[PDB]
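As structure tokens, the structure follows; a few thoughts come after it.
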4 protein chains.
Amino acid sequence: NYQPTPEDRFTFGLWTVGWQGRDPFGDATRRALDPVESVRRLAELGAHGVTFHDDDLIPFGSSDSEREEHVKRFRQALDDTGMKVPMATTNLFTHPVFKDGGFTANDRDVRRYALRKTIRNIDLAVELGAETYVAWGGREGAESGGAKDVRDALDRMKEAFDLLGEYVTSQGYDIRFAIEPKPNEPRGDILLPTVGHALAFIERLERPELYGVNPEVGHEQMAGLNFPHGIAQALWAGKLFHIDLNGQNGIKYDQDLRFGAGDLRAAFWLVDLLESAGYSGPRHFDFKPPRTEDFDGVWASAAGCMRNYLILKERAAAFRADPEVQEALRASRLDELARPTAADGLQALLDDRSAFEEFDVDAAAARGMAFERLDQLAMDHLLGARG
Amino acid sequence: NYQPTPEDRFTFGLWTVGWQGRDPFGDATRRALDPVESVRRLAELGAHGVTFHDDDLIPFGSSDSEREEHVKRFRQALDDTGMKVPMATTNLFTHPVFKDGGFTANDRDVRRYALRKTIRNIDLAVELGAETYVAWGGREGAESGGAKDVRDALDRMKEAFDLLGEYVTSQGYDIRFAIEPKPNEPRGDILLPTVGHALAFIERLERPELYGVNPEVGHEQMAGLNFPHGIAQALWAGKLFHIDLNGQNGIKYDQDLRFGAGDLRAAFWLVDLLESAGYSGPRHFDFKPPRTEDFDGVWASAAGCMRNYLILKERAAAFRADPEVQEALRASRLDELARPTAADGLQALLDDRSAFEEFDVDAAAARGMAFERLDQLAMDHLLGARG
Amino acid sequence: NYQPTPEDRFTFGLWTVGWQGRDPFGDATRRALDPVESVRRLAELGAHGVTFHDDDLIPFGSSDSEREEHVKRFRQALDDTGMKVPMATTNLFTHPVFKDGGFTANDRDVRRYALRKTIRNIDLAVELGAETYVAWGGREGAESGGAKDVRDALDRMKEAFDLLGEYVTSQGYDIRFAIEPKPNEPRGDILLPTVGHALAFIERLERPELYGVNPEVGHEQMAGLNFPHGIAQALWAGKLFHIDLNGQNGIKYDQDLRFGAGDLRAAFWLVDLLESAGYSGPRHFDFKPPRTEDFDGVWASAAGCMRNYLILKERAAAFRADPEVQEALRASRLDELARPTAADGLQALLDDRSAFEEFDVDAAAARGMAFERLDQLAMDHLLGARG
Amino acid sequence: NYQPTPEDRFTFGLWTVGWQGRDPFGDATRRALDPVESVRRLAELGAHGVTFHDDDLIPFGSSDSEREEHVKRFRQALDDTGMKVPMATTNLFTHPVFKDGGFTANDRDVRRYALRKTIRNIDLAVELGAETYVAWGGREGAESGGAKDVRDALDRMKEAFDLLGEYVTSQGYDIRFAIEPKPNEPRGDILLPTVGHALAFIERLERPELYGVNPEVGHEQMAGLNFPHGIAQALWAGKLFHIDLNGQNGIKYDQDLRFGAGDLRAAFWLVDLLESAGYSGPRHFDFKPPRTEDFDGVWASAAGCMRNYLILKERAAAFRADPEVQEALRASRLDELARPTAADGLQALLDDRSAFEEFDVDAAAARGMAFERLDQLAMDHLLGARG
Ligand SMILES: [Mn+2]
Ligand SMILES: [Mn+2]
Ligand SMILES: [Mn+2]
Ligand SMILES: [Mn+2]
Ligand SMILES: [Mn+2]
Ligand SMILES: [Mn+2]
Ligand SMILES: [Mn+2]
Ligand SMILES: [Mn+2]
């Protein structure tokens, strides 16, 4: 029916299913998971792969013999299951040293440490076969206006990303970078708060081709933005390197609900866009099984992420393929949207009386867009209420 | 005391003081103002200049003899007062023809009309001496996911802006363009919803040097974003061509309160940044005197915009000049933020044991940032409560 | 299939389908509708009835002969169609006299006028057979802190509602009042901003039994609140006299989308609650067909409101009736939630060692709530993806 | 200058200054404080007293000899300093047993445990001299619609509060209860989400006189509501038993900034209201020193809470006392707001032609409210920019 397979490219962070349930106001409700157990259980659910922060895989401050052993055991689990590691990242947010940032910490020694910690993990990510290296600058920002000169912080952020690009080029690595925006939490305001801000920043890097975005559903929704619209701009720019899928109920703390939860209609339009555009990267879930759940509930929530993607994929494809919907799209002039405004050129447009002097503004204004009929056909398809 | 002068570069839209008070749920509470009266009253308050949409200055559908007369009378008022016109824009949002957009309307004939209407007004803006031409795509967007293919809409938006750049180049005009973001209202979601999205879009235009942003305080705040942070990114990019100043009380409808109202502390940090950065453009107010007000209240609200800017300018300068604040900034390592992370280069950083192998993470983590003391000195300066 | 009938008790405001499309930033896109035409077209769609503000039915400032004729024509249309008028209200928000409020205007003469205008329309509402009289205090509030002493305003609000209760009692009318909350828009902040605030206020009235709430989906969502939770509190209090159904995409301007649009999952849980609780009042839609639409689109959007309610009613009933869902509800201890905490009484609870001294906190904490499995069964039912 | 004294009634929670800095995404940045040290340091800053959750004072699962010793040491610190304990509360949110709630947990045994844990701490609160017992139901609510029947949960909430009222009456205690609303966090949606919802709920309790509200600045602001307006409604109801003071930058995670930070103008209008109304209870701060700070920064942030209250108290008093402001208040008809609408009675109002038949609507509408002038005088007073 809606059964996931490795072909569907579903991936999960170790820190997702492995979340112990500690929140601002509460203690852990679940024991820590061995990464080996997570890889095995996710493979059984039909996942394609898993992702990690450095410190998820190797406990912070492990010796060289400890690090080697943690990686060896994980690699054996991947080999035993056929699971992949398409993406990795660095934890630049948990340890108290990062309380004012990693790459943009006011303290220079912390900025240098953050870069060395990242570089060590890039080497490991390449060893495990990752194609994308995510950076979430969760500690980059401020609670107050004087704490952070944002122009200086952006200079430091550019310097850091430029050094990382120099490093990967020097080593001949194929890996590319993906910046993950978030507007706030845990800092009062975070730098590069949206997909737009991250895309703009990339254009100022020395080697912009090496960098894209890793947008997260709930993050754009924490700014009340339209996630499908932001994804469309990322695709338009050629910068959708990776994506984080989850749910969020509007403007509040980062909930990280399972995908499909939260804004259901936005999830529908997102899947419609990813499929229409031919996005070929991982369908990665960055979610937290609520702390109300036991281990059985963790795996049920993970399974639900994949199931909801596959239901929505079916419904979006049926919408686009329906002759009645195709007629409604023409009635709404989606065909005309895709035609050039002035392929004839500037001079021809200026000399066209039909575009101004002799344009019947009133007749054009009277023409309905027929968007409500189109949207109710979309609702009917999502809900399986066609006919 | 806090008396404005033309030197301070304060400007106002005709549509601001001239707002009749019609809202979604109410009729006009004030008669229309003649633009000549607005120019005269604003000059008396110490303004530098005024801005206009085409249809604010010339009623929509005026004949050639009518248009000429409206412009002649306005030019005489400017000449009588010494007032300038630094910026103009096009109304692509009021007339029902624009119900689905101007530049990104699904209907091709409407897109062509929108461009011709804009070009006619660029000529007038140049005649009146404007240096910046704003575009607010208030109707560009959607209420529903199927109504608007956002990739196609961005193609049409780029085509429009590229044609406008070709036009100004062909005529030898000195004018430059400024895109004004807004996240929503009047469309459910608007394209290019934030400063970041607009900056990213500009990088894809044929002649990016001709285009910048016109960010508005209340617009970024309607997405819960930090306006000073967004302005810093615009400055970092070299794209702060113009700005709209006002107030907003968080995430709701676009209030357009007088500047200083709304988020007072954010207004303080904004003025601090504009002054520190040496922003040289107009200090333009895009505000609505509340519909509770009579004409005396309109002018009081306009005067308050300028007064609040000047109070905050004084307090921000006193903050930065205070020796105790300068000491606190060093205690918080703002000096170290401005120093390069690795001027020594990538190889040197990799070979530096002090940056990783021999870095004392615990001692670094124990060092307080001293941001609370710094922020309370900022509060004390804003409130005039020092000593 | 999902065909509405008068039995389903669907009602619409004249101002909904009759909305001309004027928004803060745009002119009307549709001609005014005759109320007679609206009654006829809604009856053809399967509606039960219609509602009105005074000034929707009788243009403001009509003479006695004009008023009589407008009512006569409307009554004939109701008689011709079998349509009902279950609710009416007063427009205390459009006319510029109400710029600072009706019942809570600072000007005493305006407060008295607002009461007389309301009383005149109560008489008409009773003549047309209305059971509920709504009050939306859209102008009651402020943009600034000094403009409105809120304790004094609440005194005036109570005085107004008490006089209206005295009036209906004096005339022997059966009609009851319903207060409609909204947090903001068109005032910066509106008094009685949520269902909770309105319920609390009612408890201070002289005759609280005469007053309930008319909560609106989009209004509670403009404060980021859970609409189903608020409806549950209203039901718990015995105060759900009427309801307004529509859609809203999070925290922004009041969108008034068709019901089902906006937060789809919240619409599902709402219908589930109304049906489970046996709510017997009108299913009233307070929505705006987007201004993109022509008259055909207006009727399509109205039809979609009713269709979406009926789809969701089917899916919620199937969820509750499913044996697998009933098992999941027991697994999640919804049965135990409905049992008294201490029917044995305070003394027995104090003397129960099993409740404290001998309670195994660790074993209780280890028990998963199984909420994720339950919620995925709810998702599967909503989407028609069961098996 | 702005030096606090015990007379000013400033209080702090042990969990405020004692916050170790653990957030959703980060480890502790500060060691735990001994409550004895906190009492001593706060007394030195000019505080009046301190408040506690049970588990802040006595580590969870302490023996009878341990509990006795922790209380003895704390009582000695209070005696050594002259500090008071005006309020206490129960931690019904940290321990994993409370993952689905205390009073409204689906599991009946957990509800009974929550009541016994609360009752034990009420006895201790009375021993330490507390006048108010706060309940924050942070775990009462849901992430999903099926998890929690809200009518049943409200039945259980009422049963719990009724038992607590029976208990305090049986023991002859003078203590009263204060319910603390919050809209969300840590649950997706929390029951009793606003001041209004809590006030409404209290009216359904068996002994409503024993219960009031403990509203928190940042909590109402997390729903985008006007905190001063909500406080005014609480005062109007006679239910402002206690208050939590802090700051919040709009609609996001609960920031708990020092008081004065966040929405500065709202803080001004709040202090103005508390002082005007003669609120006599504790001025309690529920704030978190940001985790960027060391122990010196903790005490600086605490001191800043009190300093900002005292600055704003001075500015609000100067505003109200200014003859020019008194004139502006009359110009804006605040005097008329405080006069009864119809002291003459319903019949007299109906028979008054001046209130309807002969009311000049146009002349009334033309009268400006003069609110902008009034608000700019308020701004000038707050900023110390008068003349
Ligand atoms: Mn997240
Ligand atoms: Mn993520
Ligand atoms: Mn605006
Ligand atoms: Mn603007
Ligand atoms: Mn509405
Ligand atoms: Mn309504
Ligand atoms: Mn809090
Ligand atoms: Mn609190």
Side-chain angles (χ1 to χ4, degrees), chain A residues 11-16 19 23 51-53 56 87-93 132 134-138 178-186 190 192-193 195 198 213-223 227 242-249 252-259 261-262 282 284-288, chain B residues 23-25 252-253, chain C residues 12-13 15-16 19 23 51 53 89 93 134 136-138 180-186 190 193 214-223 227 243-248 252-259 261-262 284-288, chain D residues 23-25 252-253:
Chain A
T11 64
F12 294 81
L14 289 174
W15 67 92
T16 67
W19 186 56
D23 73 18
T51 70
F52 68 99
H53 304 86
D56 296 329
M87 180 277 276
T89 66
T90 220
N91 188 322
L92 299 177
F93 52 85
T132 305
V134 165
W136 175 58
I179 299 173
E180 180 167 350
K182 191 181 187 183
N184 70 73
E185 198 206 278
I190 295 172
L192 305 187
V195 168
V213 290
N214 186 44
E216 179 180 311
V217 174
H219 294 176
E220 307 298 295
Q221 287 170 1
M222 285 170 74
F227 189 68
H242 199 269
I243 198 169
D244 282 359
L245 304 170
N246 67 10
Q248 179 67 21
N249 289 291
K252 54 184 78 166
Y253 74 97
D254 184 40
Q255 299 192 282
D256 290 350
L257 304 170
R258 82 186 181 295
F259 183 67
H284 172 83
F285 301 104
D286 181 10
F287 88 110
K288 286 175 169 27
Chain B
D23 72 20
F25 300 101
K252 54 184 75 162
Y253 73 97
Chain C
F12 294 82
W15 67 92
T16 67
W19 186 56
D23 72 19
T51 70
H53 304 86
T89 64
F93 52 85
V134 164
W136 175 58
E180 179 166 351
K182 191 181 188 183
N184 70 73
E185 198 207 32
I190 295 172
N214 186 44
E216 179 180 311
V217 174
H219 294 176
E220 307 298 295
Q221 287 170 0
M222 286 170 74
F227 189 69
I243 198 169
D244 282 359
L245 304 170
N246 68 10
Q248 179 67 22
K252 53 183 76 162
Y253 74 97
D254 185 350
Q255 299 192 283
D256 291 348
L257 304 170
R258 82 186 181 295
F259 183 67
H284 172 84
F285 301 104
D286 181 10
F287 88 110
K288 286 175 169 26
Chain D
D23 73 18
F25 299 102
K252 53 183 76 162
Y253 74 97

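Counting convention: from 1, in listed order, for ligands and their atoms alike. Letters A, B, ... mirror the listed sequences (proteins, then strands); counts begin at 1.
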- prompt: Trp136(A) and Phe25(D): aromatic ring centres closer than 6.0 Å?
  reply: yes
field: Results of ring pair (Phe, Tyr, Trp, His ring centres under 6.0 Å) for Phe285(C) - residues two or more places apart only
entry: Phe10(C), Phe12(C)
- request: Go through the structure and list residues passing salt bridge (charged side-chain N to carboxylate O under 4.0 Å, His left out) with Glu180(A), not counting sequence neighbours.
  value: none
query: What N, O or S atom of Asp254(C) is found closest to the Mn ion (ligand 5)?
result: OD2
message: Under 3.5 Å, is there a donor on one side chain and an acceptor on the other for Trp15(A) and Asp286(A)?
response: yes
Interatomic spacing from OG1 in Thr89(A) to CG in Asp56(A) - rounded to 0.5 Å: 6.5 Å
task: Only counting residues at least two apart or in another chain, list the ones meeting side-chain hydrogen bond (donor to acceptor under 3.5 Å, both in side chains) with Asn184(C).
output: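 Residues passing side-chain hydrogen bond (donor to acceptor under 3.5 Å, both in side chains) with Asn184(C): none at all.
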- prompt: Listing residue and atom name, which protein N/O/S atoms are closer to the Mn ion (ligand 2) than 2.8 Å?
  reply: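 Near the Mn ion (ligand 2), the protein supplies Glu180(A) OE2, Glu216(A) OE1, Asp244(A) OD2, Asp286(A) OD2.
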